[PDB]
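The next block holds one structure in the form of structure tokens; read it before the comments.
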Amino acid sequence: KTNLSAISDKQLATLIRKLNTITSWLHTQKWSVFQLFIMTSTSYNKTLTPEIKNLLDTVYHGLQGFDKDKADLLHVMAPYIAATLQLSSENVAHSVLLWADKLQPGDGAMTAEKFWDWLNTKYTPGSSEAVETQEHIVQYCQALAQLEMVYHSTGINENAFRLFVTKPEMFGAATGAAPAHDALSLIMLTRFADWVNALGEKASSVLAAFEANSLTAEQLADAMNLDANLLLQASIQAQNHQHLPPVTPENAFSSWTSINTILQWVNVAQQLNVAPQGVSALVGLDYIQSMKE
Amino acid sequence: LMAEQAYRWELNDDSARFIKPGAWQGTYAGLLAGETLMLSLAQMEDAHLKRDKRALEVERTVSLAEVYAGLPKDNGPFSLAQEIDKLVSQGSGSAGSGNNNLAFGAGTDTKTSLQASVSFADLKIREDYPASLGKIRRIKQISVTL
Amino acid sequence: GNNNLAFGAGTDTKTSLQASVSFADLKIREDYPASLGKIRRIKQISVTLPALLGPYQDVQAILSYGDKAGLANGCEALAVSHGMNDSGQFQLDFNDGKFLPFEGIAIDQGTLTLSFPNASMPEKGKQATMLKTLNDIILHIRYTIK
């Protein structure tokens, strides 16, 4: 959205760095640019397709006679959506529906209740007819299929995807907003999935301790086969320095962003083959500035 | 759908329909189609087992000679003795009025036939018992003695 | 108490005459030694009325058990009309899967009551002239020991 003609020098340098980082990530992931655009696209084609028509028929037949008070609409609707949209698991479809309801896809903000009412009233299966709201239905279905393309491309585990949908703050997305499938969020999700895979067999306990506010330096150090003192000192050094967002002892291992910052400190220390105090001494060498001595 | 008519008549729940049109789908060659019907019949059974309960019994005897003899006088009251034995002898006639008359048959093959008409509205059988015993009353059988 | 005879209490029963008795006064547990068996349960109950049931005319009467909680729906009561060893049912079959009415009631608890609709002659009740004749009531108890 920002124009290159009227831009600051620092903003242009930041833009160069972002473009370079995303290109390097795509090269590592064997992804074409078009695939990334599809996963990050917001405009949706408003054209009925045979797959969408089959989805509507299956959902309408399954949910007929549904009672609102007896059970939650979303939980009842999840299995048929999973069947029609080529998903491996039912709970993945449940998480996808929650995420879609938070996004409210399309030009006409669509949700499970509105979708169900439209299916109940204005839909006649087996016939091709023109309906004014039909374009919003198609856009909503297309958004659901795209969020599948997200889930399968990222490779994240089912329960961490559930956690990401339910509590974006744990993944450090802006508080009080639905999580973004923006490429900026996609790259951090891929890094999270890769870190979980690196933990190997310990991942089952680490994720459970992460979903509670339970994780500590010692358990994660045992999981990653690192020295416990190394993680403790990396956490201390991260707390001393001003990161954005700030890292505090009560979030240092509760939120994923703090863990990512601590792991970056550890990776840079092990690249230089020095302790984190070495990196702490290095970053103090801001000699080309007037802000501080 | 024949078992569903039998249900909608053993009970009176004409509104309750259980068989849905969605059992067959040509996209997938109609596979699994029977197992939806199996589920729908298991619902039709279990809702019967919950709704259906022991219906109480009565035998009431109803005498047609008293029903017509006791007929409210806004219709001409008559005992069958003095109209059977002259509507045998003469080829036409009637007594009473409305659903509670006695007359020769109307239709072209019935013109030699003698029919005696009565209405349950005049049997007034709903007055036999308190209403709170049960709101519907249904015939299980009817029988005749001559 | 449970052993009174009175007019019906409820607003539709005010023309109805009911006769209440308790199994506690039947004292049926005194009929046999205790070591024959510690529980006694009804398998059936039946009625005889030596009422002067008219020519093709018969009594309507209803009797019910006051528990109305432990026994299943519709089994709480039965109705009697031909009045002579009258189990109430059109057919009875101990081999059927359907329980009899009263089947499983213990023989020391709750109340048995017999009721007559339209007993009150001031309302010209359709049983008053017949019921005025009535002088004896017989119950036949089928109860098992186990």
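In the structure tokens, the first chain shown is A, the next is B, and so on; residue numbers restart at 1 for each chain, and ligands run from 1 in the order shown.
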task = Identify all chain B residues at most 10 Å from chain C by counting only C-alpha atoms; ligands do not count. Present them as JSON, numbers by chain.
result = {"B": [51, 52, 53, 54, 55, 56, 57, 58, 59, 60, 61, 62, 63, 127, 128, 129, 130, 131, 132, 133, 140]}
Could the residues in this selection be written to a file with N, CA, C and O atoms, as a PDB file, in the first residue's frame?
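In the end it all went to part-v8.pdb:
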```pdb
ATOM      1  N   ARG B  51     -43.185 -42.384  23.155  1.00  0.00           N
ATOM      2  CA  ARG B  51     -44.516 -41.781  23.120  1.00  0.00           C
ATOM      3  C   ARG B  51     -45.614 -42.780  23.466  1.00  0.00           C
ATOM      4  O   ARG B  51     -46.492 -42.489  24.284  1.00  0.00           O
ATOM      5  N   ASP B  52     -45.582 -43.954  22.858  1.00  0.00           N
ATOM      6  CA  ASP B  52     -46.673 -44.911  22.995  1.00  0.00           C
ATOM      7  C   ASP B  52     -46.711 -45.534  24.383  1.00  0.00           C
ATOM      8  O   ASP B  52     -45.702 -46.045  24.872  1.00  0.00           O
ATOM      9  N   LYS B  53     -47.885 -45.496  25.011  1.00  0.00           N
ATOM     10  CA  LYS B  53     -48.074 -46.050  26.343  1.00  0.00           C
ATOM     11  C   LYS B  53     -49.461 -46.669  26.423  1.00  0.00           C
ATOM     12  O   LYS B  53     -50.327 -46.402  25.589  1.00  0.00           O
ATOM     13  N   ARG B  54     -49.662 -47.500  27.446  1.00  0.00           N
ATOM     14  CA  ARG B  54     -50.892 -48.277  27.567  1.00  0.00           C
ATOM     15  C   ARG B  54     -52.159 -47.440  27.506  1.00  0.00           C
ATOM     16  O   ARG B  54     -52.411 -46.589  28.363  1.00  0.00           O
ATOM     17  N   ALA B  55     -52.936 -47.668  26.457  1.00  0.00           N
ATOM     18  CA  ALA B  55     -54.259 -47.089  26.306  1.00  0.00           C
ATOM     19  C   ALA B  55     -55.308 -47.874  27.087  1.00  0.00           C
ATOM     20  O   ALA B  55     -55.384 -49.100  26.975  1.00  0.00           O
ATOM     21  N   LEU B  56     -56.101 -47.174  27.892  1.00  0.00           N
ATOM     22  CA  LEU B  56     -57.100 -47.835  28.717  1.00  0.00           C
ATOM     23  C   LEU B  56     -58.233 -48.358  27.838  1.00  0.00           C
ATOM     24  O   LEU B  56     -58.298 -48.093  26.638  1.00  0.00           O
ATOM     25  N   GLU B  57     -59.132 -49.121  28.443  1.00  0.00           N
ATOM     26  CA  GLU B  57     -60.169 -49.829  27.709  1.00  0.00           C
ATOM     27  C   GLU B  57     -61.534 -49.393  28.216  1.00  0.00           C
ATOM     28  O   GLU B  57     -61.693 -49.073  29.393  1.00  0.00           O
ATOM     29  N   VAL B  58     -62.523 -49.410  27.326  1.00  0.00           N
ATOM     30  CA  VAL B  58     -63.930 -49.513  27.693  1.00  0.00           C
ATOM     31  C   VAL B  58     -64.631 -50.368  26.650  1.00  0.00           C
ATOM     32  O   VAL B  58     -64.258 -50.375  25.476  1.00  0.00           O
ATOM     33  N   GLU B  59     -65.655 -51.093  27.088  1.00  0.00           N
ATOM     34  CA  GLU B  59     -66.736 -51.542  26.219  1.00  0.00           C
ATOM     35  C   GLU B  59     -68.026 -50.825  26.596  1.00  0.00           C
ATOM     36  O   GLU B  59     -68.549 -51.022  27.695  1.00  0.00           O
ATOM     37  N   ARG B  60     -68.536 -50.001  25.686  1.00  0.00           N
ATOM     38  CA  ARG B  60     -69.871 -49.432  25.808  1.00  0.00           C
ATOM     39  C   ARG B  60     -70.811 -50.145  24.848  1.00  0.00           C
ATOM     40  O   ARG B  60     -70.476 -50.340  23.676  1.00  0.00           O
ATOM     41  N   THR B  61     -71.983 -50.524  25.344  1.00  0.00           N
ATOM     42  CA  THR B  61     -73.092 -50.939  24.497  1.00  0.00           C
ATOM     43  C   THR B  61     -73.968 -49.759  24.103  1.00  0.00           C
ATOM     44  O   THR B  61     -74.354 -48.950  24.951  1.00  0.00           O
ATOM     45  N   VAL B  62     -74.267 -49.667  22.812  1.00  0.00           N
ATOM     46  CA  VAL B  62     -75.086 -48.607  22.234  1.00  0.00           C
ATOM     47  C   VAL B  62     -76.273 -49.253  21.537  1.00  0.00           C
ATOM     48  O   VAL B  62     -76.092 -50.046  20.606  1.00  0.00           O
ATOM     49  N   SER B  63     -77.484 -48.914  21.978  1.00  0.00           N
ATOM     50  CA  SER B  63     -78.703 -49.424  21.362  1.00  0.00           C
ATOM     51  C   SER B  63     -79.245 -48.370  20.407  1.00  0.00           C
ATOM     52  O   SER B  63     -79.592 -47.262  20.826  1.00  0.00           O
ATOM     53  N   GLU B 127     -69.127 -37.896  26.853  1.00  0.00           N
ATOM     54  CA  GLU B 127     -69.728 -37.562  28.139  1.00  0.00           C
ATOM     55  C   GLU B 127     -69.679 -38.713  29.142  1.00  0.00           C
ATOM     56  O   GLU B 127     -70.101 -38.536  30.289  1.00  0.00           O
ATOM     57  N   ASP B 128     -69.162 -39.877  28.747  1.00  0.00           N
ATOM     58  CA  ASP B 128     -69.099 -41.030  29.638  1.00  0.00           C
ATOM     59  C   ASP B 128     -68.030 -40.913  30.716  1.00  0.00           C
ATOM     60  O   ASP B 128     -68.142 -41.591  31.742  1.00  0.00           O
ATOM     61  N   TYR B 129     -67.003 -40.099  30.527  1.00  0.00           N
ATOM     62  CA  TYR B 129     -65.881 -40.107  31.450  1.00  0.00           C
ATOM     63  C   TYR B 129     -65.368 -38.690  31.641  1.00  0.00           C
ATOM     64  O   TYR B 129     -65.602 -37.818  30.798  1.00  0.00           O
ATOM     65  N   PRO B 130     -64.673 -38.430  32.747  1.00  0.00           N
ATOM     66  CA  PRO B 130     -63.940 -37.168  32.884  1.00  0.00           C
ATOM     67  C   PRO B 130     -62.947 -36.943  31.758  1.00  0.00           C
ATOM     68  O   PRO B 130     -62.374 -37.882  31.201  1.00  0.00           O
ATOM     69  N   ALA B 131     -62.747 -35.667  31.428  1.00  0.00           N
ATOM     70  CA  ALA B 131     -61.843 -35.314  30.343  1.00  0.00           C
ATOM     71  C   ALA B 131     -60.396 -35.612  30.708  1.00  0.00           C
ATOM     72  O   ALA B 131     -59.602 -35.988  29.839  1.00  0.00           O
ATOM     73  N   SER B 132     -60.040 -35.465  31.983  1.00  0.00           N
ATOM     74  CA  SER B 132     -58.654 -35.610  32.402  1.00  0.00           C
ATOM     75  C   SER B 132     -58.202 -37.059  32.442  1.00  0.00           C
ATOM     76  O   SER B 132     -57.005 -37.315  32.614  1.00  0.00           O
ATOM     77  N   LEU B 133     -59.127 -38.008  32.301  1.00  0.00           N
ATOM     78  CA  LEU B 133     -58.736 -39.391  32.073  1.00  0.00           C
ATOM     79  C   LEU B 133     -57.953 -39.544  30.776  1.00  0.00           C
ATOM     80  O   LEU B 133     -57.044 -40.376  30.693  1.00  0.00           O
ATOM     81  N   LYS B 140     -61.394 -49.205  18.915  1.00  0.00           N
ATOM     82  CA  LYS B 140     -60.582 -50.377  18.609  1.00  0.00           C
ATOM     83  C   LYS B 140     -61.347 -51.446  17.856  1.00  0.00           C
ATOM     84  O   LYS B 140     -60.747 -52.177  17.065  1.00  0.00           O
TER      85      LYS B 140
END
```
Would you give me, as JSON lines, each residue of chain B having an atom within 12 Å of an atom of chain A, along with its shortest atom pair and that distance in Å to one decimal, using only C-alpha atoms and sorting by chain and residue number?
```
{"residue": "B:16", "atom": "CA", "partner": "A:65", "partner_atom": "CA", "distance": 11.5}
{"residue": "B:17", "atom": "CA", "partner": "A:65", "partner_atom": "CA", "distance": 10.7}
{"residue": "B:18", "atom": "CA", "partner": "A:65", "partner_atom": "CA", "distance": 9.7}
{"residue": "B:19", "atom": "CA", "partner": "A:64", "partner_atom": "CA", "distance": 11.4}
{"residue": "B:20", "atom": "CA", "partner": "A:61", "partner_atom": "CA", "distance": 8.3}
{"residue": "B:21", "atom": "CA", "partner": "A:61", "partner_atom": "CA", "distance": 8.4}
{"residue": "B:22", "atom": "CA", "partner": "A:61", "partner_atom": "CA", "distance": 5.7}
{"residue": "B:23", "atom": "CA", "partner": "A:61", "partner_atom": "CA", "distance": 8.5}
{"residue": "B:24", "atom": "CA", "partner": "A:61", "partner_atom": "CA", "distance": 10.4}
{"residue": "B:25", "atom": "CA", "partner": "A:57", "partner_atom": "CA", "distance": 9.3}
{"residue": "B:26", "atom": "CA", "partner": "A:126", "partner_atom": "CA", "distance": 10.4}
{"residue": "B:27", "atom": "CA", "partner": "A:54", "partner_atom": "CA", "distance": 8.3}
{"residue": "B:28", "atom": "CA", "partner": "A:54", "partner_atom": "CA", "distance": 10.4}
{"residue": "B:36", "atom": "CA", "partner": "A:62", "partner_atom": "CA", "distance": 10.4}
```
query = Got a sec to tell me which of segment 2-212 of chain A DSSP assigns to helix (DSSP H, G or I), as a ChimeraX atom specification?
reply = /A:9-29,33-40,50-63,73-84,90-103,112-122,134-154,158-166,183-211
Surrounding residues of residue 199 of chain A excluding itself and chain neighbours under 3 positions, 7 Å, only C-alpha atoms, as JSON, numbers by chain = {"A": [195, 196, 202, 203, 223, 224]}
Can those selected residues be exported to a file as a PDB file, in the first residue's frame so that it contains N, CA and C atoms?
```
ATOM      1  N   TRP A 195      10.189 -25.696  14.991  1.00  0.00           N
ATOM      2  CA  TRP A 195      10.746 -25.851  16.332  1.00  0.00           C
ATOM      3  C   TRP A 195      10.097 -27.010  17.070  1.00  0.00           C
ATOM      4  N   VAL A 196       8.788 -27.183  16.908  1.00  0.00           N
ATOM      5  CA  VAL A 196       8.128 -28.322  17.535  1.00  0.00           C
ATOM      6  C   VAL A 196       8.679 -29.622  16.981  1.00  0.00           C
ATOM      7  N   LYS A 202      10.079 -35.314  22.904  1.00  0.00           N
ATOM      8  CA  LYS A 202       9.719 -34.469  24.038  1.00  0.00           C
ATOM      9  C   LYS A 202       8.557 -33.530  23.738  1.00  0.00           C
ATOM     10  N   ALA A 203       8.269 -33.292  22.458  1.00  0.00           N
ATOM     11  CA  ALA A 203       7.245 -32.330  22.062  1.00  0.00           C
ATOM     12  C   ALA A 203       5.910 -32.581  22.743  1.00  0.00           C
ATOM     13  N   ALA A 223      14.410 -30.584  27.015  1.00  0.00           N
ATOM     14  CA  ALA A 223      13.794 -30.921  25.736  1.00  0.00           C
ATOM     15  C   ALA A 223      14.721 -30.659  24.551  1.00  0.00           C
ATOM     16  N   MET A 224      15.410 -29.523  24.537  1.00  0.00           N
ATOM     17  CA  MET A 224      16.303 -29.187  23.432  1.00  0.00           C
ATOM     18  C   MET A 224      17.735 -29.665  23.619  1.00  0.00           C
TER      19      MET A 224
END
```
Any idea what's packed within 9 Å of residue 113 of chain B, counting only C-alpha atoms, ignoring anything in its chain fewer than 4 positions away? Could you give it as a JSON list (two decimals) with N, CA and C atoms, in the first residue's frame?
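The file below, out.json, is the result:
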```
[["chain", "number", "residue", "atom", "x", "y", "z"],
["B", 103, "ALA", "N", -83.74, -44.39, 5.95],
["B", 103, "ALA", "CA", -84.22, -44.11, 4.60],
["B", 103, "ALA", "C", -83.82, -45.26, 3.69],
["B", 104, "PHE", "N", -84.43, -45.28, 2.51],
["B", 104, "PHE", "CA", -83.96, -46.12, 1.41],
["B", 104, "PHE", "C", -82.62, -45.66, 0.87],
["B", 105, "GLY", "N", -81.88, -46.62, 0.31],
["B", 105, "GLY", "CA", -80.60, -46.31, -0.30],
["B", 105, "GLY", "C", -80.72, -45.31, -1.43],
["B", 106, "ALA", "N", -79.71, -44.45, -1.54],
["B", 106, "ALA", "CA", -79.67, -43.40, -2.55],
["B", 106, "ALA", "C", -79.18, -43.92, -3.91],
["B", 109, "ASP", "N", -77.85, -48.88, -7.26],
["B", 109, "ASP", "CA", -77.94, -50.28, -6.86],
["B", 109, "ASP", "C", -78.52, -50.45, -5.46]]
```
inquiry  = Write out as a list in words the set of residues from segment 91-129 of chain C that DSSP, computed on the backbone, places in strand (DSSP E or B).
reply    =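 Checking each residue of segment 91-129 of chain C, the strand (DSSP E or B) ones are residues 106, 111, 112, 113, 114, 115 and 116 of chain C.
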inquiry  = Show me, as a list in words, the residues that have an atom within 6 Å of segment 75-85 of chain B when counting only C-alpha atoms, minus same-chain residues fewer than 5 positions from it.
reply    = residues 65, 68, 69, 96 and 97 of chain B
Writing out the chosen residues with C-alpha atoms as a PDB file, in the first residue's frame:
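Okay, this is what ended up in selection.pdb:
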```pdb
ATOM      1  CA  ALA B  65     -83.522 -48.221  19.086  1.00  0.00           C
ATOM      2  CA  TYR B  68     -83.431 -42.968  17.613  1.00  0.00           C
ATOM      3  CA  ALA B  69     -86.227 -43.206  20.178  1.00  0.00           C
ATOM      4  CA  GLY B  96     -85.695 -38.363  11.563  1.00  0.00           C
ATOM      5  CA  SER B  97     -83.347 -35.852   9.980  1.00  0.00           C
TER       6      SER B  97
END
```
inquiry  = List the spatial neighbours of residue 53 of chain A as a PyMOL selection string - criterion: any atom at most 10 Å away, only C-alpha atoms, same-chain residues fewer than 2 positions off excluded.
reply    = chain A and resi 48-51+55-59+84+125-128+138+141
Write the residues you've just listed into a file as a PDB file, in the first residue's frame, and include N, CA, C and O atoms for each of them.
```
ATOM      1  N   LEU A  48     -20.094 -19.921  -8.182  1.00  0.00           N
ATOM      2  CA  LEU A  48     -20.438 -21.248  -7.694  1.00  0.00           C
ATOM      3  C   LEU A  48     -19.624 -22.297  -8.437  1.00  0.00           C
ATOM      4  O   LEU A  48     -19.425 -22.207  -9.648  1.00  0.00           O
ATOM      5  N   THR A  49     -19.157 -23.294  -7.705  1.00  0.00           N
ATOM      6  CA  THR A  49     -18.369 -24.395  -8.228  1.00  0.00           C
ATOM      7  C   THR A  49     -19.013 -25.711  -7.825  1.00  0.00           C
ATOM      8  O   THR A  49     -19.746 -25.765  -6.834  1.00  0.00           O
ATOM      9  N   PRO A  50     -18.779 -26.782  -8.582  1.00  0.00           N
ATOM     10  CA  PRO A  50     -19.344 -28.078  -8.184  1.00  0.00           C
ATOM     11  C   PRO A  50     -18.938 -28.529  -6.795  1.00  0.00           C
ATOM     12  O   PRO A  50     -19.757 -29.116  -6.080  1.00  0.00           O
ATOM     13  N   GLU A  51     -17.706 -28.258  -6.376  1.00  0.00           N
ATOM     14  CA  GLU A  51     -17.308 -28.627  -5.023  1.00  0.00           C
ATOM     15  C   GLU A  51     -18.128 -27.879  -3.979  1.00  0.00           C
ATOM     16  O   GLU A  51     -18.580 -28.469  -2.991  1.00  0.00           O
ATOM     17  N   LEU A  55     -20.737 -29.337  -1.190  1.00  0.00           N
ATOM     18  CA  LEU A  55     -20.643 -28.978   0.219  1.00  0.00           C
ATOM     19  C   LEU A  55     -21.982 -28.496   0.747  1.00  0.00           C
ATOM     20  O   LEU A  55     -22.416 -28.893   1.833  1.00  0.00           O
ATOM     21  N   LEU A  56     -22.650 -27.627  -0.005  1.00  0.00           N
ATOM     22  CA  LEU A  56     -23.940 -27.125   0.443  1.00  0.00           C
ATOM     23  C   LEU A  56     -24.962 -28.243   0.555  1.00  0.00           C
ATOM     24  O   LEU A  56     -25.718 -28.297   1.528  1.00  0.00           O
ATOM     25  N   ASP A  57     -25.004 -29.149  -0.419  1.00  0.00           N
ATOM     26  CA  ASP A  57     -25.965 -30.246  -0.335  1.00  0.00           C
ATOM     27  C   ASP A  57     -25.705 -31.124   0.881  1.00  0.00           C
ATOM     28  O   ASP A  57     -26.637 -31.480   1.611  1.00  0.00           O
ATOM     29  N   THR A  58     -24.442 -31.479   1.121  1.00  0.00           N
ATOM     30  CA  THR A  58     -24.132 -32.327   2.268  1.00  0.00           C
ATOM     31  C   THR A  58     -24.469 -31.642   3.582  1.00  0.00           C
ATOM     32  O   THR A  58     -25.070 -32.256   4.470  1.00  0.00           O
ATOM     33  N   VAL A  59     -24.114 -30.367   3.723  1.00  0.00           N
ATOM     34  CA  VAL A  59     -24.401 -29.671   4.970  1.00  0.00           C
ATOM     35  C   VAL A  59     -25.898 -29.530   5.180  1.00  0.00           C
ATOM     36  O   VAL A  59     -26.405 -29.751   6.286  1.00  0.00           O
ATOM     37  N   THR A  84     -16.560 -32.573   3.262  1.00  0.00           N
ATOM     38  CA  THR A  84     -16.662 -31.986   1.927  1.00  0.00           C
ATOM     39  C   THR A  84     -15.384 -31.299   1.452  1.00  0.00           C
ATOM     40  O   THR A  84     -15.080 -31.327   0.257  1.00  0.00           O
ATOM     41  N   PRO A 125     -31.770 -27.579  -2.974  1.00  0.00           N
ATOM     42  CA  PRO A 125     -30.734 -28.455  -3.522  1.00  0.00           C
ATOM     43  C   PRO A 125     -31.164 -29.096  -4.827  1.00  0.00           C
ATOM     44  O   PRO A 125     -32.347 -29.326  -5.075  1.00  0.00           O
ATOM     45  N   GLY A 126     -30.176 -29.374  -5.671  1.00  0.00           N
ATOM     46  CA  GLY A 126     -30.427 -30.016  -6.940  1.00  0.00           C
ATOM     47  C   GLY A 126     -30.856 -29.115  -8.074  1.00  0.00           C
ATOM     48  O   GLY A 126     -31.148 -29.623  -9.163  1.00  0.00           O
ATOM     49  N   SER A 127     -30.911 -27.804  -7.868  1.00  0.00           N
ATOM     50  CA  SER A 127     -31.317 -26.883  -8.918  1.00  0.00           C
ATOM     51  C   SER A 127     -30.335 -25.722  -8.976  1.00  0.00           C
ATOM     52  O   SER A 127     -29.780 -25.303  -7.957  1.00  0.00           O
ATOM     53  N   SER A 128     -30.123 -25.208 -10.187  1.00  0.00           N
ATOM     54  CA  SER A 128     -29.253 -24.059 -10.416  1.00  0.00           C
ATOM     55  C   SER A 128     -30.126 -22.814 -10.485  1.00  0.00           C
ATOM     56  O   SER A 128     -30.850 -22.605 -11.462  1.00  0.00           O
ATOM     57  N   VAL A 138     -20.637 -18.215  -1.453  1.00  0.00           N
ATOM     58  CA  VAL A 138     -19.484 -18.709  -2.198  1.00  0.00           C
ATOM     59  C   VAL A 138     -18.193 -18.134  -1.636  1.00  0.00           C
ATOM     60  O   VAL A 138     -17.185 -18.841  -1.512  1.00  0.00           O
ATOM     61  N   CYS A 141     -17.323 -20.007   1.585  1.00  0.00           N
ATOM     62  CA  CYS A 141     -16.795 -21.342   1.318  1.00  0.00           C
ATOM     63  C   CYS A 141     -15.366 -21.285   0.788  1.00  0.00           C
ATOM     64  O   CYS A 141     -14.512 -22.101   1.169  1.00  0.00           O
TER      65      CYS A 141
END
```
task = Would you kindly return, as a ChimeraX atom specification, each protein, DNA or RNA residue with an atom no farther than 12 Å from any atom of residue 82 of chain A, considering only C-alpha atoms and excluding same-chain residues fewer than 4 positions away?
result = /A:55,58-59,74-78,86-97,144-145,148
